[PDB]
2 protein chains.
Amino acid sequence: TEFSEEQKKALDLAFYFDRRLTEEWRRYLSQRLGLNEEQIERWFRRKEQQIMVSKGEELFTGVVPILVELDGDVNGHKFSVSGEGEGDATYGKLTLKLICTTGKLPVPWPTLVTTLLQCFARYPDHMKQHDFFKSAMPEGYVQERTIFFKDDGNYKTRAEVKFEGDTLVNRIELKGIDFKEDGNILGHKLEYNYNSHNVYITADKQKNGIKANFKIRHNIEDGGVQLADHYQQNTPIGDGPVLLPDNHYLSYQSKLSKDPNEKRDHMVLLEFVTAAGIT
Amino acid sequence: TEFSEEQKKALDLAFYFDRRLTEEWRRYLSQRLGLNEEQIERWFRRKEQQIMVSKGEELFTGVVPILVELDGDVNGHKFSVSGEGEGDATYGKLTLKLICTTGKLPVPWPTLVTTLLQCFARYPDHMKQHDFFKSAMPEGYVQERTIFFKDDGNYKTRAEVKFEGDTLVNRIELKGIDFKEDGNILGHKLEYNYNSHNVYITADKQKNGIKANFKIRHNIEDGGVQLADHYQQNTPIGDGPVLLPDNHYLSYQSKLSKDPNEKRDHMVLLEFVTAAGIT
């Protein structure tokens with residue numbers, strides 16, 4: 001967060017001691033092992049990577065229960081969504097049942113799909129070192145988006161994705177502004193279905209995290225597509241090393257359904273998510 | 001380089017002590033300053049970045065003399081090139097006079113332009129944290145390429161770019177294979193000129209370096225363009241932190257000329273190089 005003039009002077013000083021301490025160990029190692037500091041650092045870099053990969057595989061083995069909570073405000077219309085389900089990263093698979101707890105959802109369920117868990121992606125064996133999402137766990141990450149609906153309003157979202165005990169939790173605040181009251185969103189003119197998309201991921205070294213860009217196409221009732229341009233940033237909540245990825249993408253396919261025995265406004269969501277783009 | 005079974009066991013053990021030592025300092029700091037470890041790491045990360053930026057600006061201030069040396073072998077034809085000049089990174093500018101010391105150059109000078117100093121790029125103020133090349137100095141970096149000439153042979157190059165005392169030196173070995181003896185390269189059918197190109201740079205976190213991809217278009221005598229597809233990797237020679245960049249590109253413009261008073265086969269090369277692609 002924010003730093004005083006004193007802390008700035010103290011942290012600036014402490015930085016040099018931090019580097020000095022490490023330097024003394026590397027220097028000693030180089031003398032004992034007969035390796036230069038480049039070699040030692042390169043070994044440590046790969047060992048750290050292996051450790052992060054193993055830690056993420058351990059945390060996400062088998063089926064992980066999920067809780068989702070969203071508080072939203074779109075054009076002053078307030079609503080809340082609560083969801084539960086389970087993720088199975090081994091199979092790149094996530095299932096959720098999400099309920100509007102405040103009555104009728106004032107936007108279409110499909111517009112909330114991206115907002116309502118990239119840590120359940122299946123990364124192929126040769127790409128596991130590029131999985132930022134699992135590497136930030138269990139402390140988790142903050143996921144922020146702006147979503148621009150073409151010729152309409154925008155959502156801004158801030159979510160925290162992290163383990164709370166045994167459960168992976170996605171807690172979101174959403175604010176939407178400048179929507180037409182008769183547009184495709186507030187007018188509920190979007191089909192209850194979902195296309196498959198690629199989410200393009202790049203490293204954001206400065207923030208120790210990632211950024212993503214992608215365009216969602218929502219099918220419109222009676223024909224046409226409503227574009228939703230997504231800009232995404234993810235930042236670790238903890239300090240620990242994370243995996244900063246090479247450019248790659250996540251391939252998403254989704255299925256929306258309804259529980260015939262659920263009276264409340266709701267969405268059942270199944271997503272398959274697979275990393276790709278590295279040969 | 002290579003590691004024994006013993007060193008592997010020793011390095012694996014030493015890794016944990018390295019992390020323990022750092023952890024003890026961060027823990028103490030958090031207690032003394034009232035900041036969490038994420039906050040301390042984030043401060044240190046930015047301080048390290050500022051330091052690397054300042055160090056690179058210091059090393060490349062004003063005009064830096066340059067030495068270039070290439071030993072080449074294309075289809076068994078052996079040749080050597082020696083060059084000197086100067087770089088002025090403040091102005092994103094490099095000038096070289098390069099001479100074939102072994103007689104007649106057996107390939108066209110334009111095909112060697114990319115092989116014969118990305119550290120002289122001008123990075124705009126808002127992009128200086130993405131300059132890997134200066135950050136690897138003075139220890140330097142290894143630059144490796146494979147260059148595929150369309151419908152002809154390929155070059156493979158390994159260069160070391162580093163300071164040797166006050167001078168920035170580029171020392172290269174080049175091997176070319178599978179060229180047609182009557183093709184555009186060995187047949188000397190390329191114009192003595194050079195188009196402007198963009199060099200697309202991405203981080204290679206695993207190797208603590210960068211990769212680049214770009215396509216050179218060499219104008220052919222009597223018309224047409226000869227494509228040279230470049231794949232590039234740069235790896236630090238030292239251990240010290242380097243700046244791993246967001247995706248961006250280097251914009252190149254080049255001018256080839258001749259010294260009217262030079263009897264040996266030669267090329268005078270002027271390049272302007274500017275980083276871009278970040279808004």
# chains A, B, ... in the order shown; residues from 1 in each chain; ligands from 1
$ calpha_fit_and_write --fixed "chain A" --moving "chain B" --output "PDB file with C-alpha atoms, in the first residue's frame"
ATOM      1  CA  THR B   1       0.000   0.000   0.000  1.00  0.00           C
ATOM      2  CA  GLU B   2       1.303   3.461   0.924  1.00  0.00           C
ATOM      3  CA  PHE B   3       4.697   4.361   2.366  1.00  0.00           C
ATOM      4  CA  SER B   4       5.914   7.224   4.633  1.00  0.00           C
ATOM      5  CA  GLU B   5       9.014   9.342   3.959  1.00  0.00           C
ATOM      6  CA  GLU B   6      10.678   7.424   6.788  1.00  0.00           C
ATOM      7  CA  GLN B   7       9.752   3.975   5.450  1.00  0.00           C
ATOM      8  CA  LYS B   8      10.985   5.011   2.027  1.00  0.00           C
ATOM      9  CA  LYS B   9      14.365   5.926   3.469  1.00  0.00           C
ATOM     10  CA  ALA B  10      14.358   2.745   5.579  1.00  0.00           C
ATOM     11  CA  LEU B  11      13.275   0.478   2.723  1.00  0.00           C
ATOM     12  CA  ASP B  12      15.829   2.050   0.381  1.00  0.00           C
ATOM     13  CA  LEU B  13      18.557   1.279   2.938  1.00  0.00           C
ATOM     14  CA  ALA B  14      17.193  -2.211   3.689  1.00  0.00           C
ATOM     15  CA  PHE B  15      17.203  -3.057  -0.020  1.00  0.00           C
ATOM     16  CA  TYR B  16      20.989  -2.867  -0.114  1.00  0.00           C
ATOM     17  CA  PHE B  17      21.406  -5.084   2.940  1.00  0.00           C
ATOM     18  CA  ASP B  18      18.973  -7.604   1.420  1.00  0.00           C
ATOM     19  CA  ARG B  19      21.156  -7.764  -1.715  1.00  0.00           C
ATOM     20  CA  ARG B  20      24.377  -7.869   0.379  1.00  0.00           C
ATOM     21  CA  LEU B  21      23.200 -10.846   2.438  1.00  0.00           C
ATOM     22  CA  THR B  22      22.316 -12.830  -0.692  1.00  0.00           C
ATOM     23  CA  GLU B  23      25.590 -11.808  -2.343  1.00  0.00           C
ATOM     24  CA  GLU B  24      27.599 -13.149   0.601  1.00  0.00           C
ATOM     25  CA  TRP B  25      25.927 -16.561   0.339  1.00  0.00           C
ATOM     26  CA  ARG B  26      26.374 -16.751  -3.462  1.00  0.00           C
ATOM     27  CA  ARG B  27      30.027 -15.762  -3.135  1.00  0.00           C
ATOM     28  CA  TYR B  28      30.656 -18.493  -0.556  1.00  0.00           C
ATOM     29  CA  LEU B  29      28.810 -21.076  -2.669  1.00  0.00           C
ATOM     30  CA  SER B  30      30.856 -20.203  -5.722  1.00  0.00           C
ATOM     31  CA  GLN B  31      34.004 -20.877  -3.704  1.00  0.00           C
ATOM     32  CA  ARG B  32      32.771 -24.167  -2.208  1.00  0.00           C
ATOM     33  CA  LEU B  33      31.178 -25.624  -5.382  1.00  0.00           C
ATOM     34  CA  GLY B  34      33.413 -24.244  -8.120  1.00  0.00           C
ATOM     35  CA  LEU B  35      30.596 -22.526 -10.025  1.00  0.00           C
ATOM     36  CA  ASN B  36      30.196 -18.861 -11.004  1.00  0.00           C
ATOM     37  CA  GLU B  37      27.303 -16.692  -9.762  1.00  0.00           C
ATOM     38  CA  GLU B  38      25.512 -16.888 -13.098  1.00  0.00           C
ATOM     39  CA  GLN B  39      25.514 -20.684 -12.829  1.00  0.00           C
ATOM     40  CA  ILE B  40      24.246 -20.647  -9.244  1.00  0.00           C
ATOM     41  CA  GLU B  41      21.496 -18.162 -10.058  1.00  0.00           C
ATOM     42  CA  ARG B  42      20.464 -20.194 -13.129  1.00  0.00           C
ATOM     43  CA  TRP B  43      20.273 -23.341 -11.001  1.00  0.00           C
ATOM     44  CA  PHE B  44      18.256 -21.540  -8.297  1.00  0.00           C
ATOM     45  CA  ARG B  45      15.932 -20.028 -10.920  1.00  0.00           C
ATOM     46  CA  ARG B  46      15.033 -23.468 -12.289  1.00  0.00           C
ATOM     47  CA  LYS B  47      14.728 -25.016  -8.819  1.00  0.00           C
ATOM     48  CA  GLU B  48      12.313 -22.262  -7.769  1.00  0.00           C
ATOM     49  CA  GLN B  49      10.275 -22.907 -10.915  1.00  0.00           C
ATOM     50  CA  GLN B  50      10.116 -26.655 -10.196  1.00  0.00           C
ATOM     51  CA  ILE B  51       9.002 -25.944  -6.635  1.00  0.00           C
ATOM     52  CA  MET B  52       6.232 -23.581  -7.713  1.00  0.00           C
ATOM     53  CA  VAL B  53       5.025 -26.113 -10.291  1.00  0.00           C
ATOM     54  CA  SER B  54       4.938 -28.867  -7.671  1.00  0.00           C
ATOM     55  CA  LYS B  55       3.180 -26.678  -5.138  1.00  0.00           C
ATOM     56  CA  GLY B  56       0.416 -25.761  -7.583  1.00  0.00           C
ATOM     57  CA  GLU B  57      -0.111 -29.372  -8.642  1.00  0.00           C
ATOM     58  CA  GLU B  58      -0.422 -30.294  -4.969  1.00  0.00           C
ATOM     59  CA  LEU B  59      -2.964 -27.594  -4.133  1.00  0.00           C
ATOM     60  CA  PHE B  60      -5.177 -28.367  -7.125  1.00  0.00           C
ATOM     61  CA  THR B  61      -5.049 -32.164  -7.127  1.00  0.00           C
ATOM     62  CA  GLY B  62      -8.473 -33.814  -7.369  1.00  0.00           C
ATOM     63  CA  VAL B  63     -11.662 -31.817  -6.889  1.00  0.00           C
ATOM     64  CA  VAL B  64     -11.567 -28.404  -5.157  1.00  0.00           C
ATOM     65  CA  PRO B  65     -14.775 -26.875  -3.810  1.00  0.00           C
ATOM     66  CA  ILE B  66     -15.532 -23.321  -4.918  1.00  0.00           C
ATOM     67  CA  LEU B  67     -17.483 -20.406  -3.440  1.00  0.00           C
ATOM     68  CA  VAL B  68     -18.373 -17.310  -5.469  1.00  0.00           C
ATOM     69  CA  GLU B  69     -19.809 -14.041  -4.176  1.00  0.00           C
ATOM     70  CA  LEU B  70     -20.578 -10.933  -6.234  1.00  0.00           C
ATOM     71  CA  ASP B  71     -21.968  -7.546  -5.216  1.00  0.00           C
ATOM     72  CA  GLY B  72     -22.941  -5.523  -8.266  1.00  0.00           C
ATOM     73  CA  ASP B  73     -24.265  -2.097  -9.187  1.00  0.00           C
ATOM     74  CA  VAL B  74     -25.211  -1.413 -12.806  1.00  0.00           C
ATOM     75  CA  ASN B  75     -26.715   2.001 -13.569  1.00  0.00           C
ATOM     76  CA  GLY B  76     -27.754   2.174  -9.916  1.00  0.00           C
ATOM     77  CA  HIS B  77     -29.485  -1.209 -10.039  1.00  0.00           C
ATOM     78  CA  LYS B  78     -28.021  -3.148  -7.109  1.00  0.00           C
ATOM     79  CA  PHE B  79     -27.820  -6.941  -7.019  1.00  0.00           C
ATOM     80  CA  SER B  80     -25.949  -9.797  -5.357  1.00  0.00           C
ATOM     81  CA  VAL B  81     -24.932 -13.201  -6.703  1.00  0.00           C
ATOM     82  CA  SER B  82     -23.855 -16.204  -4.626  1.00  0.00           C
ATOM     83  CA  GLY B  83     -22.489 -19.402  -6.099  1.00  0.00           C
ATOM     84  CA  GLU B  84     -20.913 -22.712  -5.240  1.00  0.00           C
ATOM     85  CA  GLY B  85     -19.394 -25.535  -7.229  1.00  0.00           C
ATOM     86  CA  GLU B  86     -16.170 -27.400  -7.811  1.00  0.00           C
ATOM     87  CA  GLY B  87     -13.063 -27.281  -9.964  1.00  0.00           C
ATOM     88  CA  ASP B  88     -10.920 -30.106 -11.292  1.00  0.00           C
ATOM     89  CA  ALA B  89      -7.767 -28.616 -12.799  1.00  0.00           C
ATOM     90  CA  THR B  90      -6.492 -32.053 -13.883  1.00  0.00           C
ATOM     91  CA  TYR B  91      -9.379 -32.070 -16.355  1.00  0.00           C
ATOM     92  CA  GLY B  92      -9.399 -28.305 -16.970  1.00  0.00           C
ATOM     93  CA  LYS B  93     -12.947 -28.228 -15.728  1.00  0.00           C
ATOM     94  CA  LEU B  94     -15.100 -25.983 -13.538  1.00  0.00           C
ATOM     95  CA  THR B  95     -18.798 -26.225 -12.590  1.00  0.00           C
ATOM     96  CA  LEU B  96     -20.819 -23.582 -10.727  1.00  0.00           C
ATOM     97  CA  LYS B  97     -24.406 -22.961  -9.727  1.00  0.00           C
ATOM     98  CA  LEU B  98     -24.901 -19.224  -9.300  1.00  0.00           C
ATOM     99  CA  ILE B  99     -27.969 -17.570  -7.749  1.00  0.00           C
ATOM    100  CA  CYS B 100     -29.224 -14.004  -7.677  1.00  0.00           C
ATOM    101  CA  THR B 101     -29.989 -13.509  -3.989  1.00  0.00           C
ATOM    102  CA  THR B 102     -31.619 -10.097  -4.418  1.00  0.00           C
ATOM    103  CA  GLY B 103     -34.410 -11.119  -6.779  1.00  0.00           C
ATOM    104  CA  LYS B 104     -34.302 -10.667 -10.535  1.00  0.00           C
ATOM    105  CA  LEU B 105     -30.879 -10.150 -12.082  1.00  0.00           C
ATOM    106  CA  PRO B 106     -30.956  -6.734 -13.827  1.00  0.00           C
ATOM    107  CA  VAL B 107     -28.425  -7.765 -16.482  1.00  0.00           C
ATOM    108  CA  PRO B 108     -28.297 -10.939 -18.577  1.00  0.00           C
ATOM    109  CA  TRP B 109     -26.509 -13.898 -16.979  1.00  0.00           C
ATOM    110  CA  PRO B 110     -24.189 -14.292 -19.992  1.00  0.00           C
ATOM    111  CA  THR B 111     -22.689 -10.827 -19.359  1.00  0.00           C
ATOM    112  CA  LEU B 112     -21.483 -12.027 -15.948  1.00  0.00           C
ATOM    113  CA  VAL B 113     -19.873 -15.300 -17.103  1.00  0.00           C
ATOM    114  CA  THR B 114     -16.310 -13.960 -17.381  1.00  0.00           C
ATOM    115  CA  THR B 115     -16.619 -12.156 -14.034  1.00  0.00           C
ATOM    116  CA  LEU B 116     -17.965 -15.152 -12.121  1.00  0.00           C
ATOM    117  CA  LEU B 117     -11.465 -18.851 -11.892  1.00  0.00           C
ATOM    118  CA  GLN B 118      -8.503 -19.173 -14.213  1.00  0.00           C
ATOM    119  CA  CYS B 119      -6.588 -21.246 -11.678  1.00  0.00           C
ATOM    120  CA  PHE B 120      -8.581 -24.305 -12.804  1.00  0.00           C
ATOM    121  CA  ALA B 121      -7.038 -24.224 -16.275  1.00  0.00           C
ATOM    122  CA  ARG B 122      -5.342 -27.370 -17.486  1.00  0.00           C
ATOM    123  CA  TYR B 123      -1.759 -26.515 -18.484  1.00  0.00           C
ATOM    124  CA  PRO B 124      -0.092 -29.166 -20.675  1.00  0.00           C
ATOM    125  CA  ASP B 125       3.063 -30.748 -19.180  1.00  0.00           C
ATOM    126  CA  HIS B 126       5.379 -28.664 -21.366  1.00  0.00           C
ATOM    127  CA  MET B 127       3.663 -25.441 -20.275  1.00  0.00           C
ATOM    128  CA  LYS B 128       3.216 -25.911 -16.528  1.00  0.00           C
ATOM    129  CA  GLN B 129       5.913 -23.288 -15.786  1.00  0.00           C
ATOM    130  CA  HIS B 130       3.604 -20.656 -17.350  1.00  0.00           C
ATOM    131  CA  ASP B 131       0.694 -21.119 -14.953  1.00  0.00           C
ATOM    132  CA  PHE B 132       0.656 -17.846 -12.974  1.00  0.00           C
ATOM    133  CA  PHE B 133      -2.720 -18.553 -11.432  1.00  0.00           C
ATOM    134  CA  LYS B 134      -1.877 -21.686  -9.456  1.00  0.00           C
ATOM    135  CA  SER B 135       1.480 -20.253  -8.478  1.00  0.00           C
ATOM    136  CA  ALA B 136      -0.135 -17.338  -6.595  1.00  0.00           C
ATOM    137  CA  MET B 137      -2.036 -19.817  -4.392  1.00  0.00           C
ATOM    138  CA  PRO B 138      -3.031 -20.212  -1.614  1.00  0.00           C
ATOM    139  CA  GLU B 139      -2.572 -16.478  -0.857  1.00  0.00           C
ATOM    140  CA  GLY B 140      -4.227 -15.798  -4.194  1.00  0.00           C
ATOM    141  CA  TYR B 141      -4.499 -12.910  -6.614  1.00  0.00           C
ATOM    142  CA  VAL B 142      -6.567  -9.833  -7.356  1.00  0.00           C
ATOM    143  CA  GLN B 143      -8.271  -9.955 -10.753  1.00  0.00           C
ATOM    144  CA  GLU B 144      -9.370  -6.587 -12.170  1.00  0.00           C
ATOM    145  CA  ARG B 145     -11.200  -5.996 -15.426  1.00  0.00           C
ATOM    146  CA  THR B 146     -12.801  -3.308 -17.457  1.00  0.00           C
ATOM    147  CA  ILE B 147     -15.335  -4.743 -19.904  1.00  0.00           C
ATOM    148  CA  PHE B 148     -16.500  -2.446 -22.694  1.00  0.00           C
ATOM    149  CA  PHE B 149     -19.811  -3.418 -24.315  1.00  0.00           C
ATOM    150  CA  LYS B 150     -19.797  -2.082 -27.873  1.00  0.00           C
ATOM    151  CA  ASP B 151     -22.223   0.823 -28.293  1.00  0.00           C
ATOM    152  CA  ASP B 152     -23.270   0.511 -24.643  1.00  0.00           C
ATOM    153  CA  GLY B 153     -21.925   0.758 -21.081  1.00  0.00           C
ATOM    154  CA  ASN B 154     -18.981  -0.825 -19.284  1.00  0.00           C
ATOM    155  CA  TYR B 155     -18.363  -3.005 -16.235  1.00  0.00           C
ATOM    156  CA  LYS B 156     -15.423  -2.499 -13.913  1.00  0.00           C
ATOM    157  CA  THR B 157     -14.704  -5.465 -11.644  1.00  0.00           C
ATOM    158  CA  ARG B 158     -12.323  -6.197  -8.805  1.00  0.00           C
ATOM    159  CA  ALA B 159     -12.126  -9.748  -7.522  1.00  0.00           C
ATOM    160  CA  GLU B 160     -10.058 -11.601  -4.984  1.00  0.00           C
ATOM    161  CA  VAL B 161      -9.404 -15.249  -5.799  1.00  0.00           C
ATOM    162  CA  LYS B 162      -7.768 -17.215  -3.002  1.00  0.00           C
ATOM    163  CA  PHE B 163      -8.091 -20.196  -0.720  1.00  0.00           C
ATOM    164  CA  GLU B 164     -10.133 -19.686   2.426  1.00  0.00           C
ATOM    165  CA  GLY B 165      -9.285 -22.887   4.250  1.00  0.00           C
ATOM    166  CA  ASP B 166     -10.111 -25.832   1.967  1.00  0.00           C
ATOM    167  CA  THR B 167     -12.276 -23.754  -0.369  1.00  0.00           C
ATOM    168  CA  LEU B 168     -11.237 -21.664  -3.367  1.00  0.00           C
ATOM    169  CA  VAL B 169     -13.192 -18.404  -3.127  1.00  0.00           C
ATOM    170  CA  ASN B 170     -13.892 -15.740  -5.784  1.00  0.00           C
ATOM    171  CA  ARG B 171     -15.193 -12.528  -4.143  1.00  0.00           C
ATOM    172  CA  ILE B 172     -16.142  -9.790  -6.620  1.00  0.00           C
ATOM    173  CA  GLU B 173     -17.344  -6.188  -6.644  1.00  0.00           C
ATOM    174  CA  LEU B 174     -18.798  -4.990  -9.958  1.00  0.00           C
ATOM    175  CA  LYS B 175     -19.757  -1.489 -11.083  1.00  0.00           C
ATOM    176  CA  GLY B 176     -21.465  -0.822 -14.400  1.00  0.00           C
ATOM    177  CA  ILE B 177     -22.104   2.647 -15.818  1.00  0.00           C
ATOM    178  CA  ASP B 178     -23.507   4.347 -18.940  1.00  0.00           C
ATOM    179  CA  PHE B 179     -25.770   1.516 -20.090  1.00  0.00           C
ATOM    180  CA  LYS B 180     -28.756   2.270 -22.312  1.00  0.00           C
ATOM    181  CA  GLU B 181     -31.943   1.351 -20.439  1.00  0.00           C
ATOM    182  CA  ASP B 182     -33.246  -0.125 -23.710  1.00  0.00           C
ATOM    183  CA  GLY B 183     -29.954  -1.635 -24.864  1.00  0.00           C
ATOM    184  CA  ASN B 184     -28.982  -5.289 -25.163  1.00  0.00           C
ATOM    185  CA  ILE B 185     -27.850  -5.476 -21.543  1.00  0.00           C
ATOM    186  CA  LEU B 186     -30.463  -3.629 -19.485  1.00  0.00           C
ATOM    187  CA  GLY B 187     -33.135  -4.622 -22.007  1.00  0.00           C
ATOM    188  CA  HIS B 188     -32.261  -8.330 -21.691  1.00  0.00           C
ATOM    189  CA  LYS B 189     -31.787  -8.995 -25.395  1.00  0.00           C
ATOM    190  CA  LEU B 190     -28.964 -11.570 -25.180  1.00  0.00           C
ATOM    191  CA  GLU B 191     -29.325 -15.304 -25.898  1.00  0.00           C
ATOM    192  CA  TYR B 192     -28.776 -17.680 -22.987  1.00  0.00           C
ATOM    193  CA  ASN B 193     -25.758 -19.381 -24.528  1.00  0.00           C
ATOM    194  CA  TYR B 194     -22.030 -18.861 -24.866  1.00  0.00           C
ATOM    195  CA  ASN B 195     -19.385 -19.013 -27.561  1.00  0.00           C
ATOM    196  CA  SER B 196     -15.874 -20.424 -27.203  1.00  0.00           C
ATOM    197  CA  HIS B 197     -13.060 -17.891 -26.863  1.00  0.00           C
ATOM    198  CA  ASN B 198      -9.320 -17.549 -26.423  1.00  0.00           C
ATOM    199  CA  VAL B 199      -7.927 -15.453 -23.561  1.00  0.00           C
ATOM    200  CA  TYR B 200      -4.515 -14.052 -24.503  1.00  0.00           C
ATOM    201  CA  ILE B 201      -2.126 -13.858 -21.557  1.00  0.00           C
ATOM    202  CA  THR B 202       1.084 -11.853 -21.226  1.00  0.00           C
ATOM    203  CA  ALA B 203       3.403 -11.292 -18.274  1.00  0.00           C
ATOM    204  CA  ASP B 204       3.328  -8.033 -16.319  1.00  0.00           C
ATOM    205  CA  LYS B 205       6.738  -8.152 -14.648  1.00  0.00           C
ATOM    206  CA  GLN B 206       6.386  -4.730 -13.052  1.00  0.00           C
ATOM    207  CA  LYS B 207       3.338  -5.839 -11.092  1.00  0.00           C
ATOM    208  CA  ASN B 208       4.658  -9.378 -10.581  1.00  0.00           C
ATOM    209  CA  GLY B 209       1.568 -10.587 -12.416  1.00  0.00           C
ATOM    210  CA  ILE B 210      -0.207 -10.910 -15.742  1.00  0.00           C
ATOM    211  CA  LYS B 211      -2.429  -9.038 -18.136  1.00  0.00           C
ATOM    212  CA  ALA B 212      -4.992 -10.477 -20.520  1.00  0.00           C
ATOM    213  CA  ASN B 213      -6.966  -9.215 -23.472  1.00  0.00           C
ATOM    214  CA  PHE B 214      -9.879 -10.840 -25.254  1.00  0.00           C
ATOM    215  CA  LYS B 215     -13.154 -10.138 -27.020  1.00  0.00           C
ATOM    216  CA  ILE B 216     -16.346 -11.877 -25.921  1.00  0.00           C
ATOM    217  CA  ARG B 217     -19.115 -12.298 -28.497  1.00  0.00           C
ATOM    218  CA  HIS B 218     -22.606 -12.522 -26.955  1.00  0.00           C
ATOM    219  CA  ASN B 219     -25.275 -13.789 -29.378  1.00  0.00           C
ATOM    220  CA  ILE B 220     -28.194 -11.353 -29.539  1.00  0.00           C
ATOM    221  CA  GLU B 221     -31.839 -12.428 -29.612  1.00  0.00           C
ATOM    222  CA  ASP B 222     -33.156 -12.353 -33.194  1.00  0.00           C
ATOM    223  CA  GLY B 223     -29.621 -12.215 -34.583  1.00  0.00           C
ATOM    224  CA  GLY B 224     -26.282 -10.454 -34.401  1.00  0.00           C
ATOM    225  CA  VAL B 225     -23.458 -10.379 -31.884  1.00  0.00           C
ATOM    226  CA  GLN B 226     -22.859  -8.004 -28.965  1.00  0.00           C
ATOM    227  CA  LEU B 227     -19.128  -7.410 -28.447  1.00  0.00           C
ATOM    228  CA  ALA B 228     -17.636  -7.202 -24.956  1.00  0.00           C
ATOM    229  CA  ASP B 229     -14.015  -6.096 -25.043  1.00  0.00           C
ATOM    230  CA  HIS B 230     -12.153  -7.349 -21.930  1.00  0.00           C
ATOM    231  CA  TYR B 231      -9.001  -5.835 -20.388  1.00  0.00           C
ATOM    232  CA  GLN B 232      -7.681  -7.838 -17.441  1.00  0.00           C
ATOM    233  CA  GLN B 233      -4.905  -7.569 -14.873  1.00  0.00           C
ATOM    234  CA  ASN B 234      -3.968 -10.034 -12.141  1.00  0.00           C
ATOM    235  CA  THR B 235      -1.743  -9.156  -9.191  1.00  0.00           C
ATOM    236  CA  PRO B 236      -0.560 -11.528  -6.420  1.00  0.00           C
ATOM    237  CA  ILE B 237      -1.879 -10.930  -2.900  1.00  0.00           C
ATOM    238  CA  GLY B 238       1.240 -12.474  -1.357  1.00  0.00           C
ATOM    239  CA  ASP B 239       4.958 -11.876  -1.894  1.00  0.00           C
ATOM    240  CA  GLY B 240       6.063 -15.382  -2.769  1.00  0.00           C
ATOM    241  CA  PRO B 241       7.537 -16.152  -6.126  1.00  0.00           C
ATOM    242  CA  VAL B 242       5.004 -16.595  -8.859  1.00  0.00           C
ATOM    243  CA  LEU B 243       5.443 -17.988 -12.341  1.00  0.00           C
ATOM    244  CA  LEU B 244       5.612 -15.139 -14.854  1.00  0.00           C
ATOM    245  CA  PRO B 245       4.547 -16.718 -18.166  1.00  0.00           C
ATOM    246  CA  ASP B 246       5.678 -16.477 -21.771  1.00  0.00           C
ATOM    247  CA  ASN B 247       2.864 -15.287 -24.073  1.00  0.00           C
ATOM    248  CA  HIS B 248       0.182 -17.977 -24.384  1.00  0.00           C
ATOM    249  CA  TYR B 249      -3.574 -18.274 -24.297  1.00  0.00           C
ATOM    250  CA  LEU B 250      -6.340 -20.062 -22.440  1.00  0.00           C
ATOM    251  CA  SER B 251      -8.851 -21.850 -24.655  1.00  0.00           C
ATOM    252  CA  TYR B 252     -12.376 -21.615 -23.136  1.00  0.00           C
ATOM    253  CA  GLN B 253     -15.578 -23.490 -23.985  1.00  0.00           C
ATOM    254  CA  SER B 254     -18.638 -22.919 -21.814  1.00  0.00           C
ATOM    255  CA  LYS B 255     -22.129 -24.319 -21.350  1.00  0.00           C
ATOM    256  CA  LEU B 256     -24.974 -22.498 -19.626  1.00  0.00           C
ATOM    257  CA  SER B 257     -27.955 -24.401 -18.303  1.00  0.00           C
ATOM    258  CA  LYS B 258     -30.789 -24.128 -15.811  1.00  0.00           C
ATOM    259  CA  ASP B 259     -31.673 -26.271 -12.792  1.00  0.00           C
ATOM    260  CA  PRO B 260     -35.332 -27.175 -13.439  1.00  0.00           C
ATOM    261  CA  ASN B 261     -35.908 -27.371  -9.679  1.00  0.00           C
ATOM    262  CA  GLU B 262     -34.502 -23.926  -8.819  1.00  0.00           C
ATOM    263  CA  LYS B 263     -37.098 -21.160  -8.385  1.00  0.00           C
ATOM    264  CA  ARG B 264     -34.660 -18.260  -7.987  1.00  0.00           C
ATOM    265  CA  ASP B 265     -33.056 -16.442 -10.928  1.00  0.00           C
ATOM    266  CA  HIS B 266     -29.904 -18.444 -11.574  1.00  0.00           C
ATOM    267  CA  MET B 267     -27.271 -19.847 -13.902  1.00  0.00           C
ATOM    268  CA  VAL B 268     -25.568 -23.236 -14.032  1.00  0.00           C
ATOM    269  CA  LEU B 269     -22.148 -22.766 -15.620  1.00  0.00           C
ATOM    270  CA  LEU B 270     -19.736 -25.393 -16.932  1.00  0.00           C
ATOM    271  CA  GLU B 271     -16.378 -24.278 -18.344  1.00  0.00           C
ATOM    272  CA  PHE B 272     -13.502 -26.197 -19.898  1.00  0.00           C
ATOM    273  CA  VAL B 273     -10.222 -24.313 -19.844  1.00  0.00           C
ATOM    274  CA  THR B 274      -6.954 -25.379 -21.480  1.00  0.00           C
ATOM    275  CA  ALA B 275      -3.663 -23.539 -21.895  1.00  0.00           C
ATOM    276  CA  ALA B 276      -2.104 -23.468 -25.363  1.00  0.00           C
ATOM    277  CA  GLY B 277      -0.045 -21.390 -27.764  1.00  0.00           C
ATOM    278  CA  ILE B 278       3.361 -22.741 -26.863  1.00  0.00           C
ATOM    279  CA  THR B 279       4.874 -25.302 -29.219  1.00  0.00           C
TER     280      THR B 279
END
$ select_by_dssp --residues "range 31-279 of chain A" --states "alpha helix (DSSP H)" --output "PyMOL selection string"
chain A and resi 31-33+37-59+132-135
